[PDB]
Visitor: 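Please see the structure below; I have some questions.
Order of the sequence lines fixes the chain letters, A, B, ..., with proteins taken first and strands second; residue numbering starts at 1 for each chain.
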2 protein chains.
Amino acid sequence: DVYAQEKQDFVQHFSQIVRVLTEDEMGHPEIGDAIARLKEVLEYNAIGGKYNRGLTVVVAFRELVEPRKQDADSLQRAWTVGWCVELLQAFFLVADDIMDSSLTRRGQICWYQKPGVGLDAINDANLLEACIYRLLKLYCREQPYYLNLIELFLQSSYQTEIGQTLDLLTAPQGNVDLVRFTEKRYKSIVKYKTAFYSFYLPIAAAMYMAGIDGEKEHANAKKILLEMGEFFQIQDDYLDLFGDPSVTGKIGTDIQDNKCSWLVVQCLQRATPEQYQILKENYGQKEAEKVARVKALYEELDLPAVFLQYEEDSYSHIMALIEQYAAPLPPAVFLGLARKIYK
Amino acid sequence: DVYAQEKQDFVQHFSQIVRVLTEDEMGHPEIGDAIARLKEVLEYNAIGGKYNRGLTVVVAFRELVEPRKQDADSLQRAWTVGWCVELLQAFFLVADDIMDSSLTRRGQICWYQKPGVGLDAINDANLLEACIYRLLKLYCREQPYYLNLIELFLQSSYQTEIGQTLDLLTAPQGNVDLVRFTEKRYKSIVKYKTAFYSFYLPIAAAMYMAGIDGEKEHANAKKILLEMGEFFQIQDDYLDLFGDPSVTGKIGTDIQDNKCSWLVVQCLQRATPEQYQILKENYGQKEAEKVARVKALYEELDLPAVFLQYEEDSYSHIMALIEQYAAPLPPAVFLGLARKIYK
Ligand SMILES: O=C(O)[C@@H]1Cc2ccccc2N1C(=O)OCc1ccccc1
Ligand SMILES: O=C(O)[C@@H]1Cc2ccccc2N1C(=O)OCc1ccccc1
Ligand SMILES: O=P(O)(O)C(O)(Cn1ccnc1)P(=O)(O)O
Ligand SMILES: O=P(O)(O)C(O)(Cn1ccnc1)P(=O)(O)O
Ligand SMILES: [Mg+2]
Ligand SMILES: [Mg+2]
Ligand SMILES: [Mg+2]
Ligand SMILES: [Mg+2]
Ligand SMILES: [Mg+2]
Ligand SMILES: [Mg+2]
């Protein structure tokens, strides 16, 4: 619930973020048109979501930083670092949507699918990434955690890109080979493509801002955070096909994209020799009839009920990890995050 | 000539760079396939060029750093930073080729056009960028210029992306409006899209490694370097159409891509009302006949002779800037670079 009481101030900070990023134009009028494009990119791709990853930085900041140190400037920096996380997210999603041939995101047409944008979105994505470091220098350059944050964001990007590489390599277009969709491969993919930037990153950022830079403290937090991230991507895969379109704001493409989704992995582990053949002949193709066939097989194997059971077991597992690794950090930090991802 | 005597050791260092980047796999076997992809990306996109931008770092390093300080480890770091520049280059070119719809680069098919690669190249490009910061941390983390280099590379990337944004915004596909192709717009585009990363970056990196971090010294160097960069992009535009394919290693696409090329700008300034109409009806289109028409108009306006004259005048201008701004740096640093770009 701490997220709702911090959201407003966090979202209102976006205006300032845009202002500060588009104030590099006054000193260099010649790049005005580029700065205008940037503003359009930011407003279209950084706004429209729930902002939970960025909000996590803020929430954790206020729970880790002693009130007497939560001055106006410190809070400002916290809101900025939180937006940097949202920008990192935006950067990856713009590119991910092109690579996954997606149609919508956050209830609107994907940026690259917008008339007049197309592949220019690739550079737009690179600009969003660049903005992260511009804001860090502008707001935190004099802070003792400056270098830690720069390296954290850079490291998190590398891990995410390694993950994306695995994601794409395991899903060759027009090349269906179910044998590569194993539980071990799946866990490695999601750990790198989602767990680091969506969960470890936000909390780690707040920790560094709070002066908590101990390798041990970060390792223990990551123990909890990477497990939550795994659950989050599984839930993401589930929703890709069984989620309510009006709620997810995006059209699923995992089956058509031949992805190593939690669903197909669960399918292969429960499928009979016959069902296996059906999956093999209908997976990884654009034909709506073939996709529908795969979904029918998943429903026949009660995958939705399987996911619901996994969600409960996962929840209990994550809570167990919190009892073990939260200390010396306030359990609320992890509990609040968990409450946000589990229903 | 100092470039030829440093090339060998610089190129042989590539093996080590790859080794070090693919040694993050031993500790994390799960990302092996991703690391293998990375190696393939690096070998295909970081090797095959002249390596002059990276070599510039090395050459400048040995001319700025006192011999007694050019120890084995220091030289190693120099070769690494030089490769970081080549990787930054690779990152931008992989994406630039997709965005410019290019066919070949360095005498081979563009990475994204390789069968089986396609838009996955977007993430490959992001990985190359990430490698820069991984090498900087691995080789220079303990150096006093560490943060300076990190910020230099990040800043240079932002400037290049701003430039690319201008490049793309001024060249809307299927939307020909010659009125936007002005000399002022052209100079701003090339300053940001090429001058910073190809010329200021390499020299600035070597300066920081040599302990030269003065804002004044960097500003004076940039005065010379940004002007060389402008000349280099003009020459790049000239070669896009009039260059020897077997020498450039790439197929020109500026006319088809409706680009604000130095050529079209020079054309508009010398074109008669009639020639202007011919340009307008044939520019920015894929039809080989229409492209040929534009080239004929350029040859009719003696643009090739115009470029040759500009090259001589530019050379004299750059040399004049060196007499004025080289000090206290060795003039050879700039002269060597100039000898490399001017014939
Ligand atoms: O609702 C959304 O927009 C995303 C999609 C989703 C599906 C199920 C559960 C949570 C969420 N989300 C979400 O943001 O959850 C909160 C969160 C917090 C930190 C990191 C990732 C997600
Ligand atoms: O030959 C090449 O591969 C590129 C293409 C080219 C055309 C004309 C003149 C120089 C060059 N090059 C080049 O690398 O020149 C040297 C250089 C040095 C530092 C920064 C950029 C280019
Ligand atoms: O399913 P993906 O991994 O592509 C996704 O979750 C994005 N993503 C990319 C890396 N991590 C997550 P999205 O469904 O939002 O398209
Ligand atoms: O002409 P471009 O600017 O696209 C080019 O010079 C690449 N580039 C991109 C930014 N700076 C230079 P290339 O002709 O190598 O495709
Ligand atoms: Mg996706
Ligand atoms: Mg994806
Ligand atoms: Mg998904
Ligand atoms: Mg190009
Ligand atoms: Mg280009
Ligand atoms: Mg060119």
Visitor: Please test B:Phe231 against B:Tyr342 for ring pair (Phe, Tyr, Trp, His ring centres under 6.0 Å), starting from the C-alpha separation and ending with a verdict.
Guide: CA-CA 9 Å; B:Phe231 162 72; B:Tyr342 286 91; 4.0 Å; yes
Visitor: Less than 3.5 Å apart, any donor N or O on the side chain of B:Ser102 or B:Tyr112 sitting next to an acceptor on the other?
Guide: no
Visitor: Go through it in stages, so that I can follow the logic: the residues are B:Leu64 and B:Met207, the test is side-chain contact (heavy atoms from CB on, under 4.5 Å), and I'd like the CA-CA distance, side-chain angles, deciding distance and then a yes or no.
Guide: CA-CA 7 Å; B:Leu64 297 174; B:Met207 288 170 74; 3.9 Å; yes
Visitor: Just wondering, more than 12 heavy atoms not from B:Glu142 lying within 6.0 Å of its CD?
Guide: no
Visitor: How many angstroms lie between atom CD of A:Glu161 and atom CG of A:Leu166, to the nearest 0.5 angstrom?
Guide: 12.5 Å
Visitor: Kindly give the heavy-atom pair with the smallest separation between B:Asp1 and B:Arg339, and that separation in Å.
Guide: N-NH1, 3.1 Å
Visitor: Starting at OG of B:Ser198, measure out to CG of B:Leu225 and round the result to the nearest 0.5 Å.
Guide: 11.0 Å
Visitor: Does atom CG (A:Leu169) have a neighbourhood of more than 12 heavy atoms from anything else shown, all under 6.0 Å?
Guide: yes
Visitor: Rounded to the nearest 0.5 Å, how far apart are CD of A:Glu23 and CG of A:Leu138?
Guide: 9.5 Å
Visitor: Check B:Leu128 against B:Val94 and note the closest heavy-atom contact, atom names and distance.
Guide: CD1-CG2, 4.2 Å
Visitor: Take B:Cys84 and B:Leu136 through the test side-chain contact (heavy atoms from CB on, under 4.5 Å) and record every step on the way to the result.
Guide: CA-CA 8 Å; B:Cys84 288; B:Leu136 289 184; 4.0 Å; yes
Visitor: Looking at every heavy atom in both B:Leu21 and B:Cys131, which two are closest together, and how far apart are they?
Guide: CD1-SG, 3.7 Å
Visitor: Can you list the steps and then say if A:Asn45 with A:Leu93 is a side-chain contact (heavy atoms from CB on, under 4.5 Å)?
Guide: CA-CA 9 Å; A:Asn45 303 290; A:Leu93 297 197; over 6 Å; no
Visitor: Quick one, B:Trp111 with B:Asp124, criterion side chain to side chain donor-acceptor pair (under 3.5 Å). Give me CA distance, side-chain angles, the key distance, then yes/no.
Guide: CA-CA 10 Å; B:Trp111 181 240; B:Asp124 292 327; 2.8 Å; yes
Visitor: Got a sec: does the NZ of A:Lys222 have more than 12 other heavy atoms crowding it under 6.0 Å?
Guide: yes
Visitor: Please examine the side chains of B:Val81 and B:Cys140, heavy atoms only from C-beta on, and report whether any two atoms are closer than 4.5 Å.
Guide: yes
Visitor: Which distance, rounded to the nearest 0.5 Å, do you find between the CG of B:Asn126 and the CD of A:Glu129?
Guide: 6.5 Å
Visitor: Any chance you could lay out the ring pair (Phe, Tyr, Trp, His ring centres under 6.0 Å) test for B:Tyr133 and A:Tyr158, step after step, and finish with the verdict?
Guide: CA-CA 9 Å; B:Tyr133 304 99; A:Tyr158 169 72; over 10 Å; no
Visitor: Within a strict 4.5 Å, meaning less than it, do heavy atoms of the B:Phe196 and B:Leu226 side chains meet?
Guide: yes
Visitor: What's the shortest heavy-atom distance between B:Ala46 and B:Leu87, and which atoms?
Guide: CB-CD2, 4.1 Å
Visitor: Report yes if some heavy atom in the side chain of B:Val2 is under 4.5 Å from a heavy atom in the side chain of B:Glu63; otherwise report no.
Guide: yes
Visitor: Please report the C-alpha distance between A:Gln159 and A:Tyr197 in whole Å, then the side-chain angles of each, then the deciding distance to 0.1 Å, and finally whether the side chain to side chain donor-acceptor pair (under 3.5 Å) criterion is met.
Guide: CA-CA 8 Å; A:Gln159 297 161 319; A:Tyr197 95 92; over 6 Å; no
Visitor: Working note: B:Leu75 + B:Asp9, criterion side-chain contact (heavy atoms from CB on, under 4.5 Å); need CA distance, chi angles, decisive distance, verdict.
Guide: CA-CA 10 Å; B:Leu75 201 53; B:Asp9 288 317; over 6 Å; no
Visitor: May I ask you to decide whether B:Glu86 forms a salt bridge with B:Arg53, counting only side-chain N to carboxylate O separations under 4.0 Å?
Guide: no
Visitor: Verify side chain to side chain donor-acceptor pair (under 3.5 Å) between A:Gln76 and A:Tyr139, making sure each step is shown before the conclusion.
Guide: CA-CA 8 Å; A:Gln76 213 76 58; A:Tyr139 288 77; 6.0 Å; no
Visitor: Main chain of B:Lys50, side chain of B:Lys7: is a donor-acceptor contact present, judged purely on distance under 3.5 Å?
Guide: yes
Visitor: Passes side chain to side chain donor-acceptor pair (under 3.5 Å), B:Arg77 versus B:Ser74? Steps please.
Guide: CA-CA 5 Å; B:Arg77 290 190 286 278; B:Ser74 292; 3.1 Å; yes
Visitor: Quick one: list whatever passes ring-ring contact (aromatic ring centres under 6.0 Å, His included) with B:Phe10, sequence neighbours left out.
Guide: B:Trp83
Visitor: Flag the pair A:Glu230 / A:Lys191 as yes when at least one side-chain heavy-atom distance between them is below 4.5 Å, and no otherwise.
Guide: no
Visitor: For a 4.5 angstrom cut-off between non-hydrogen side-chain atoms, does B:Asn148 reach B:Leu152?
Guide: no
Visitor: Would a distance-only check, ignoring hydrogens and angles, find a side-chain to backbone donor-acceptor pair under 3.5 Å from A:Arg134 to B:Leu154?
Guide: no
Visitor: If only atom types and distance count, is the side chain of A:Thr194 paired as donor or acceptor with the main-chain N or O of A:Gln233 below 3.5 Å?
Guide: no
Visitor: Does the side chain of A:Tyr186 come within less than 4.5 Å of A:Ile189's, by heavy atoms?
Guide: no
Visitor: Of the non-hydrogen atoms in B:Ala326 and B:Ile224, which two are nearest, and what is the gap between them?
Guide: N-CD1, 3.7 Å
Visitor: Less than 4.5 Å apart, any side-chain heavy atom of B:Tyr325 and any of B:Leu329?
Guide: no
Visitor: Under 4.0 Å between a side-chain nitrogen and a carboxylate oxygen: does that hold for B:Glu30 and A:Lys184?
Guide: no
Visitor: Any sub-3.5 Å donor-acceptor pair from A:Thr170's side-chain atoms to A:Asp167's backbone N or O?
Guide: no
Visitor: Looking at B:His218 and B:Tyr208, would you say the former's side chain and the latter's main chain have a donor-acceptor pair under 3.5 Å?
Guide: no
Visitor: B:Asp96 and salt bridge (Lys or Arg N to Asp or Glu O under 4.0 Å): which partner among B:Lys250, B:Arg105, B:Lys193?
Guide: B:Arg105
Visitor: Taking the side chain as every heavy atom from C-beta outward, state whether A:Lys137 and A:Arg141 have any atom pair closer than 4.5 Å.
Guide: yes
Visitor: Please report the interatomic distance OG1(A:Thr160) to CG(A:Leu201), rounded to the nearest 0.5 Å.
Guide: 8.0 Å
Visitor: Between CE of B:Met99 and CZ of B:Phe92, what distance do you get to the nearest 0.5 Å?
Guide: 9.0 Å
Visitor: Which heavy-atom pair separates B:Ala60 from B:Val333 by the least distance, and what is that distance?
Guide: CB-CG1, 4.3 Å
